[PDB]
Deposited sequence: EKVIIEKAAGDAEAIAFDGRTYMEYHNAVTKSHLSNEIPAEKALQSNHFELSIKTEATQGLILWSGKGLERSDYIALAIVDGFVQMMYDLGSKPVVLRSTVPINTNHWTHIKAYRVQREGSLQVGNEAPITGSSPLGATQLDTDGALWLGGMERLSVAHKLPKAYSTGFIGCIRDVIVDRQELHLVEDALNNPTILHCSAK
């Protein structure tokens, strides 16, 4: 079941099986797009003070960004994502270290600054864009740009995410 996004489509989900302290994050999914800029996924409370970890298309390539409390670190892929062809994306973080693998490229890795190791969230996860966009002039434009393309087989922390009935904001479902 592939879902389509037209640039104004954003779905809200909450972590499946309070204030939680997460030591790790695991994201898998496939996407299809022609976009050079766009927010794919944002996990965090979404507030100015909140920690986060996100996936986005910045200037033609997928990149992973996260701030656990000691400033953000970015991991940028070397694969052009706007081929309009389905492409797999494997992303994970264990404490400070992270890995981003788009397609069959060699995994790009890195560590966020010394300090925080936990992502403090309430379980919120956004797809295609995010409600609280207080970042239009605080991060690259891609992060406040709705995604345009398709997404399928999304797996979060080893658990399959059901794009349609798991959504909470009763969105307008359009398939690819």
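Visitor: Residue ranges with no C-alpha coordinates, please: along the deposited sequence, counted from 1, in order.
Guide: Deposited residues absent from the model fall in 1 to 12, 30 to 39, 199 to 201.
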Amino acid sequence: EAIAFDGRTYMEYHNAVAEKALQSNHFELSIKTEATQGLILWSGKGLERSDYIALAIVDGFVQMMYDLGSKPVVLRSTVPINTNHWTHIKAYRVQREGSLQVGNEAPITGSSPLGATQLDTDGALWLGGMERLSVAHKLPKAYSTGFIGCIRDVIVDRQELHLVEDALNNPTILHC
From here on, numbers count along this sequence of modelled residues.
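Visitor: Averaging the C-alpha B factors as listed in the entry, name the stretch that ends up higher: 129 to 137 or 144 to 152.
Guide: Higher mean C-alpha B-factor: 129 to 137.
Visitor: Do the CA atoms of 154 to 162 or those of 8 to 16 have the higher mean B-factor in the entry?
Guide: Taking the mean B-factor of the alpha carbons in each, 8 to 16 is higher.
Visitor: Going by what the PDB entry lists, where does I89 fall on CA B-factor within its chain: lowest, middle or highest third?
Guide: Tercile = middle for this residue's CA B-factor.
Visitor: Report the third (lowest, middle or highest) to which the CA temperature factor of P72 belongs, ranking only the modelled residues of the same chain.
Guide: Bottom third by C-alpha B-factor.
Visitor: Could you place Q23 in the lowest, middle or highest third of its chain by Cα temperature factor, using the values in the record?
Guide: Within its chain, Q23 is a highest-third residue by C-alpha B-factor, going by the deposited values.
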